[PDB]
Amino acid sequence: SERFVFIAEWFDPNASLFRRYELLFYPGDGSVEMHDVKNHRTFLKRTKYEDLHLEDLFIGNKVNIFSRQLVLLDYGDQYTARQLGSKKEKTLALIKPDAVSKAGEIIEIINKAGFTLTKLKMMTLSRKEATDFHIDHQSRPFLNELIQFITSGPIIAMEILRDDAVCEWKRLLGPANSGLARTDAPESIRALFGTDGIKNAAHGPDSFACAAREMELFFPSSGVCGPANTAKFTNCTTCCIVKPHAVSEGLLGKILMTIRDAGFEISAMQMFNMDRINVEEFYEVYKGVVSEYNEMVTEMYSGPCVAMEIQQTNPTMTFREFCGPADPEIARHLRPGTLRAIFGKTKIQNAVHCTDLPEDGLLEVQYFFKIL
Amino acid sequence: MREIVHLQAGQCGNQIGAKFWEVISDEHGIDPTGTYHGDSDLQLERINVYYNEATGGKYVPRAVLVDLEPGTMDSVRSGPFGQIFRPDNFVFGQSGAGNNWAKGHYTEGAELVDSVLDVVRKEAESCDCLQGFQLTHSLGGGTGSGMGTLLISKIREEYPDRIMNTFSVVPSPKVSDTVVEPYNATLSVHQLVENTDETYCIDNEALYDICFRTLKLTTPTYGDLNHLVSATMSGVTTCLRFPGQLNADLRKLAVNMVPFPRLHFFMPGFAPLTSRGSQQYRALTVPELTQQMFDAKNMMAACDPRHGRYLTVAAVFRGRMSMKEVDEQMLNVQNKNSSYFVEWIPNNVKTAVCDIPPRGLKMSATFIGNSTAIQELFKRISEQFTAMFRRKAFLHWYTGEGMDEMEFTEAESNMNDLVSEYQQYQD
Amino acid sequence: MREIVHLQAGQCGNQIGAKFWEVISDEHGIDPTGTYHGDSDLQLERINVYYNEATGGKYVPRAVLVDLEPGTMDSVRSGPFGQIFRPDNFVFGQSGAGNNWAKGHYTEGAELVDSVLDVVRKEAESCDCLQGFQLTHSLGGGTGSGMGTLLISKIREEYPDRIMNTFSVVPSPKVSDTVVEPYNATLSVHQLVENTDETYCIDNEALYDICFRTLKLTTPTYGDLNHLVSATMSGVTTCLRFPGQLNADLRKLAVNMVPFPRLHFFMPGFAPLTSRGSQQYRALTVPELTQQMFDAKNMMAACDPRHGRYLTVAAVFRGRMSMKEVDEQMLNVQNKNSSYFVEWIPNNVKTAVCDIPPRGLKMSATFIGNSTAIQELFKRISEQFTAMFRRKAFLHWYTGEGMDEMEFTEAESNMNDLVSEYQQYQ
Amino acid sequence: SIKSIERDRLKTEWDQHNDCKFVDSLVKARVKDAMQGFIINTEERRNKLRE
Amino acid sequence: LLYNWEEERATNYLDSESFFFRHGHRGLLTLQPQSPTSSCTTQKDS
Amino acid sequence: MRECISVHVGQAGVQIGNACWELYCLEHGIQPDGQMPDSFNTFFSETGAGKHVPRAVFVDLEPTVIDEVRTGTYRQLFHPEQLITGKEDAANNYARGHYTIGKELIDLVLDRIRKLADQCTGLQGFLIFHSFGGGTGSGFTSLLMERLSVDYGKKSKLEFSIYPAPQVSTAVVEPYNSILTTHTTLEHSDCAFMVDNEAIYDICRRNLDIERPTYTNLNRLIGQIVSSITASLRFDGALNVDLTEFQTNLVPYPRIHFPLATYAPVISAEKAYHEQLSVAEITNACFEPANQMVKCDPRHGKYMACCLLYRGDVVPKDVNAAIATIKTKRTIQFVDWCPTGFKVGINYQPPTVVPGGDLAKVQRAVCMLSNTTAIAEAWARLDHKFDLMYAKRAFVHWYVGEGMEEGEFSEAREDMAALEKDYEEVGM
Ligand SMILES: Nc1nc2c(ncn2[C@@H]2O[C@H](COP(=O)(O)OP(=O)(O)OP(=O)(O)O)[C@@H](O)[C@H]2O)c(=O)[nH]1
Ligand SMILES: Nc1nc2c(ncn2[C@@H]2O[C@H](COP(=O)(O)OP(=O)(O)O)[C@@H](O)[C@H]2O)c(=O)[nH]1
Ligand SMILES: Nc1nc2c(ncn2[C@@H]2O[C@H](COP(=O)(O)OP(=O)(O)O)[C@@H](O)[C@H]2O)c(=O)[nH]1
Ligand SMILES: [Mg+2]
């Protein structure tokens, strides 16, 4: 027994009406079922289904059932509200200017702690939104270096949802000063990572009430948010990475370590996309050429992408041939050093989707955060 | 052009015939939401056979969903592909499906037959050339063997030239879960051997015993037999929607198969069935499937071959094979069995090789027998009727609902014409 | 914009209007200290129909309250609603009428109408546009039938344009409470037909039924039979006071119902009546209301409607509603029991729709109807009269106060020829 | 004369408005041809990626 | 449980007897105190 | 530039003009506080800032129902005087609204038309919505058709009138008030399109799936039939049609101006993505009595003329191959003297669905405005109910009371009799 119910919301394509249903999931047996709250008769009867997971049962995370895409909007129940929403709390974090070249181990520590990452996007904020971060802070110390790092160095804002997220973030972070943390010498995100104490770190809110103020300071409603945090071109604007489903698998930290290996930079990450139109807009070159196009748009339909602009660094190995052949088994035939043999999880729908022709990288990047 | 109109009556065929619409829609690539979801391009240009289109270019099926009680139309609107049907031509009813032939025809069937013909017309009068009627019925009750007769005897007055190929489950040789059976079934064989032009047969008993011997399953549910029947009917209707090298429509099967007008009940099959553990220890050729076609223990019928000299075996191959390997191995099985094929037909067999394999296996096929061993299924149900009639054992309800005594003699007398007119050409 | 002037007389009236003026206080959110404390804003929209304005936001009614003795309006001030009724609107006498007609119609209630008519003609010209009148009064007593019929007579002499309505408390035909009921009720209905357009006849024998077998109370008072009478009063004007789907006023059901100058004796009703203990087992829907108000055991006068044919039948509705389902129900009650209507009118049923149900209800309706089986409300009084005229039973009271017997003799020639019009059509 | 003058004035004002809109519509049709050519350029990049 | 068992027992919890109830009893209304302030008109909700 | 000053009246036109003038907000960009977020100047008029204030006039006599629209969602859009108030309802009689309560209000409504018409540089005609079913629409407005037609002379005028239903009938005395007002407008209304209320409550249950309907659920299906008629004076397309064609093709005679009405695609939103919206299926639906918005059967009578207006993606070859297969139906009969019998007007604009509607987002609409002689048996019953009441002289005395004579009961009966022997001389 012990079903969990939700209210679902699907956009009907032919007659363009937004449709509200009630989905039911049955943990411990794998069943789903769907009635309609709008009209009380049953259209979808009960079925078993294997791909849905209890970690995918979170409000907001958009999950496909039987080739239909829906976002779980409400809590229709007090039982599941008590069972999940009392524990699932959100915490705010931010990659500062120093942590871009060391983010892989910190993200692996976050994935070992088990927080679900909702939105982790690079941002360059405006004047008022930049000053609203430093409006709250006031004390004896001189924070000129930290203020110049915030106003100059690029940053990323991220949201992590977890059971007692503030408590687990505090216990993972530990002491505040870098020298004090190193003198305490426990394994911590502040002890191992971060530069010069208050100069740069991964941001952590003091209290659950102050987390709202910190989140509103760093990432407010998108009026003056700032669409870009990186240069549009550097004469090699030709590498696009995207992670639609391997972020849900959790290997984002490990692939950040393997791309930090062999001396490759990472420029800009963000996590906003519409499932179809935005991807269609830039899979346009891919539209005539590629086969299994349905699958290659379905595993971008599946989830959000931490999609990332990257430049060519060395000419000794091309980034496309580091990314590897289009098939993971062909990669495992040829060389284990290919990123599909290390990480690729589908037959053609690789773990890192790139561009093939080197010309269109600049236009795809300008679309992906300059336009969007 | 080429098309087949469909209906789904009875409980037994409603579950199987809606298990049809997934084995179709995954081969051709339609999502449950009606959008095209195919990998290849070749299986879109013959979609006008089973499917009518919808505005925006999405795809709906040709089917009619009618049975007496609304219990099972809430079971075929179900999880996999319920959204695709038209909600207007869904038909329900009020009165019970109480297994009576007057509940099949005279009492409940009268009010629907005005409405449930106008679901054939609204999907047929908007067409060009009609070629087949596919109706998924049974032979047990007044639910499926009083509506399977009703929805085809009305039609033959107006659509007389074309071919009407249903698919029906015959009673099992051990235990049937209906006790009232041969008042209706023998009253429905009076029209099915008359009006229809081909009419299939399926045992329930043999459907279980494939799963224990060859599949080596532990637990065969009722979800398994659906798949085993739905694959056979979706392989014999493929030279009408695929490219191929030796291609036959449903009216080729009118002149190929039946020599004397009233002998058209065929025996289904499907060749490359195997288990899980024995896959690596099995090889796939055209000779290695051909044994499994002509396996005595791969048919859907319990009748042993020793009573049967096959009239017209038609094994429709589907794959990438050789046309000589087909022709040499559909004859090398025949000289080895002289006494089990008729001497008054010189070529007893017929093939058809196509170009598109099933989803999953590189090559498969579909045996279709036509045997002289099917008198054993004839001798069973005609023998159940004789003791139950002299008691008038359950005749109180049918007489109460309105079926006279002098017609139950006549139905068994004409069911006796399906062995007597069979026995002339047995020898 | 269309106010209502209310009249009261007798002590029979002033227990009813004291109960009429509290459901108006309920529905408009009026507390018993004169202010307003309701949570809506549509209740404050047309407040002016029953609530004149003053300083401090006070809302005090357009009420007239009259008797010939001081012994009754002491108790109306001493009720639960003392501060709302106007102190200048308690016109009083000194001597009780005492079950006699000329004590109020010719001598003691006649000298006092010049102080009532001062109150009305000042007040009725303070309305920007009056719709008309209403009266709840005793035909049984000596003040309502004696004095109040002059106020129906003399005010209609002033303005002939407006509409006269009557919540008549007609006596029961079975059990009688006064030995001069076949005089005070006989003589009062001599002047009702030249003067009054809406006549709602109410019986207490008809209402002792309803609070036992339908509401299931073993100990009924007047104050819990007064509220059903006070239900149907505010249940008439449901559409003038509020917006909705089809509004109707008190000229709109005095045109749909009365095809003749003298066939205008209505028959009241109320739809949703169920027990206090079993309130939450019924489903308060559209078929539940119509199935009750088309019956004889939901009728507020004591005549069985089955002995005749209704000429015309009105209705009104309230609450959010689906108008086709009522339209299916109104033809069914014209197609099924077609023998309970006359065949010489095409349409016999009217409906009208409000929007906001009462405080505590969801679906409300009120039944108003012309019927020619109201003869048995009048033939019993008209046969009681001549069984005591022929024995001259009480004529010394009446002659010794300024009457004749020719004012008596013609008061049944009206009452006979009234029934001698209703008889032909049924 | 009053009806003819007022009608001709409003007709010529909306006619110059439709004239501006028609020259803008010709530029819009050239813009649609530019979008068609950019789709052809995406087809050229599709040809290179096909290679 | 004499004559009229159920209703007379049930009504006391939801609700000198004649003197107290001389003004009346709450017969034709629900036990709930308020169903006012409904902004429910056809041309307001439609 | 091509303005269309409409007229609503009664307790109908204020509950119609809440849902008919709702789509004119939606088909253009007009938000409910009068702003763009120019084919709209038929129904709107632009000031210096941005404010598009409407053009029609809505009248009642009581203010209980006019008070909603000034206090509903749509108050700043509508003009602070174009909604014209009163003080008391005419209360279902022809006496009050034609001589007493419609006489004291007529000469401010006459003022505001002249103020609204003279600013309209290019007005084409007048559109009237008066309900025969009461006292205002019968009384206030049949005073107007002999008052507008005297002042503004020879202008075209057409009606979309609310005829009371044959089986259900809300009020009692209507075989007086429906019969009486039709005697006066018979020579002052060049077309009379009609609808009923029962006749659409059939359609909303069998074509839509929603039972338990509302007047507002019924009003948008009259609120959509207007904008497939007026759209040919509005939007671009192959064939536009002015209001000088409706009285031309559809009105044969002087005293035969009583056609019918039908609107084709009536399907819910749930069934939108299933049935093929073929131009034949939209066409052959209108010729069936089940789709028809007047409760009358055309199989007993002859057609006399027809019309059509089309929307959206019309393929103009296939309409002519769908009109042509109507001609091979002997169930559909014609009188001989109209052997052509059609009109087509084709626009580009597909119909627009309201947010919160019952009809689907469809692409192809068809509206017939058909003259037929089987409307004469709808006039049969309303005379059959008359002398069955007039013999007893029932309900009379409020008609003579407010300044009339009894004797115009003797003519509005006797005028329809000559009309009842007019329609049989023409379908013979
Ligand atoms: N179906 C439908 N019917 C309506 C609608 N509005 C009004 N009606 C009909 O209109 C008639 C109402 O009568 P009125 O509109 O008040 O007639 P009137 O001309 O205003 O006469 P008076 O009430 O005296 O002012 C009834 O038959 C209603 O059914 C509507 O929105 N939908
Ligand atoms: N595939 C499948 N077959 C079924 C299912 N349920 C019942 N059947 C078959 O239906 C038969 C019942 O007899 P049937 O002729 O259908 O009785 P009727 O419905 O009254 O006509 C059983 O013998 C089963 O073999 C099911 O869920 N799936
Ligand atoms: N139901 C009910 N009946 C009443 C009420 N007040 C008086 N009556 C009836 O009125 C009649 C007496 O009227 P009466 O006092 O003589 O009238 P008055 O002298 O003019 O005040 C009796 O038959 C009572 O039954 C009341 O509040 N409710
Ligand atoms: Mg009115």
# chains A, B, ... in the order shown; residues from 1 in each chain; ligands from 1

call {"tool": "residues_near_ligand", "arguments": {"ligand": "ligand 3", "cutoff": "9 Å", "atoms": "only C-alpha atoms and all ligand atoms", "output": "PyMOL selection string"}}
result
chain C and resi 9-19+67-68+72+96-100+104+137-148+169-172+176-178+202-205+207-208+221-227+229

call {"tool": "residues_near_ligand", "arguments": {"ligand": "ligand 2", "cutoff": "8 Å", "atoms": "only C-alpha atoms and all ligand atoms", "output": "MDAnalysis selection string"}}
result
chainID B and resid 10:13 15:16 97:99 137:145 169 171 176:178 204 222:227

call {"tool": "residues_around", "arguments": {"residues": "region 42-45 of chain D", "least_positions_apart": "6", "cutoff": "9 Å", "atoms": "only C-alpha atoms", "output": "VMD selection string"}}
result
chain A and resid 284 to 285 288 357 359 to 360

call {"tool": "interface_residues", "arguments": {"of": "chain E", "to": "chain C", "cutoff": "9 Å", "atoms": "only C-alpha atoms", "output": "ChimeraX atom specification"}}
result
/E:4,6-8,10-11,14,17-18,21-43

call {"tool": "residues_around", "arguments": {"residues": "residue 25 (chain F)", "least_positions_apart": "5", "cutoff": "12 Å", "atoms": "only C-alpha atoms", "output": "MDAnalysis selection string"}}
result
chainID F and resid 17:20 30:37 40 43:44 52:54 74 77:78 227 352:355

call {"tool": "residues_near_ligand", "arguments": {"ligand": "ligand 4", "cutoff": "10 Å", "atoms": "only C-alpha atoms and all ligand atoms", "output": "PyMOL selection string"}}
result
(chain C and resi 246-249+252) or (chain F and resi 9-12+60-65+88-93+97+133-137)

call {"tool": "residues_around", "arguments": {"residues": "residue 8 (chain C)", "least_positions_apart": "6", "cutoff": "7 Å", "atoms": "only C-alpha atoms", "output": "PyMOL selection string"}}
result
chain C and resi 14+64-66+135-137

call {"tool": "write_last_selection", "arguments": {"atoms": "C-alpha atoms", "output": "JSON list (two decimals), in the first residue's frame"}}
result
[["chain", "number", "residue", "atom", "x", "y", "z"],
["C", 14, "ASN", "CA", -47.17, 42.24, 15.09],
["C", 64, "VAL", "CA", -45.42, 50.91, 10.44],
["C", 65, "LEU", "CA", -46.65, 49.18, 13.61],
["C", 66, "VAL", "CA", -50.22, 49.82, 14.78],
["C", 135, "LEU", "CA", -49.81, 43.85, 4.79],
["C", 136, "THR", "CA", -49.77, 41.10, 7.39],
["C", 137, "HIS", "CA", -52.87, 41.42, 9.52]]

call {"tool": "select_by_dssp", "arguments": {"residues": "region 47-105 of chain C", "states": "alpha helix (DSSP H)", "output": "PyMOL selection string"}}
result
chain C and resi 73-77+102

call {"tool": "write_last_selection", "arguments": {"atoms": "N, CA, C and O atoms", "output": "mmCIF file, in the first residue's frame"}}
result
data_model
loop_
_atom_site.group_PDB
_atom_site.id
_atom_site.type_symbol
_atom_site.label_atom_id
_atom_site.label_comp_id
_atom_site.auth_asym_id
_atom_site.auth_seq_id
_atom_site.Cartn_x
_atom_site.Cartn_y
_atom_site.Cartn_z
ATOM 1 N N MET C 73 -47.454 46.460 21.663
ATOM 2 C CA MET C 73 -46.213 47.101 21.257
ATOM 3 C C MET C 73 -45.290 47.393 22.428
ATOM 4 O O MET C 73 -44.174 47.876 22.212
ATOM 5 N N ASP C 74 -45.733 47.142 23.656
ATOM 6 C CA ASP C 74 -44.776 47.023 24.745
ATOM 7 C C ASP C 74 -43.876 45.815 24.533
ATOM 8 O O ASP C 74 -42.661 45.892 24.752
ATOM 9 N N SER C 75 -44.454 44.697 24.085
ATOM 10 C CA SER C 75 -43.695 43.467 23.902
ATOM 11 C C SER C 75 -42.832 43.484 22.648
ATOM 12 O O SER C 75 -41.810 42.791 22.604
ATOM 13 N N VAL C 76 -43.228 44.236 21.619
ATOM 14 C CA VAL C 76 -42.411 44.326 20.412
ATOM 15 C C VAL C 76 -41.140 45.118 20.689
ATOM 16 O O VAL C 76 -40.057 44.771 20.204
ATOM 17 N N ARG C 77 -41.244 46.186 21.479
ATOM 18 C CA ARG C 77 -40.047 46.852 21.966
ATOM 19 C C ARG C 77 -39.272 45.972 22.927
ATOM 20 O O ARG C 77 -38.045 46.081 23.000
ATOM 21 N N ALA C 102 -66.644 46.826 13.813
ATOM 22 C CA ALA C 102 -66.877 48.266 13.874
ATOM 23 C C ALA C 102 -66.164 48.952 15.026
ATOM 24 O O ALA C 102 -66.134 50.183 15.059
#
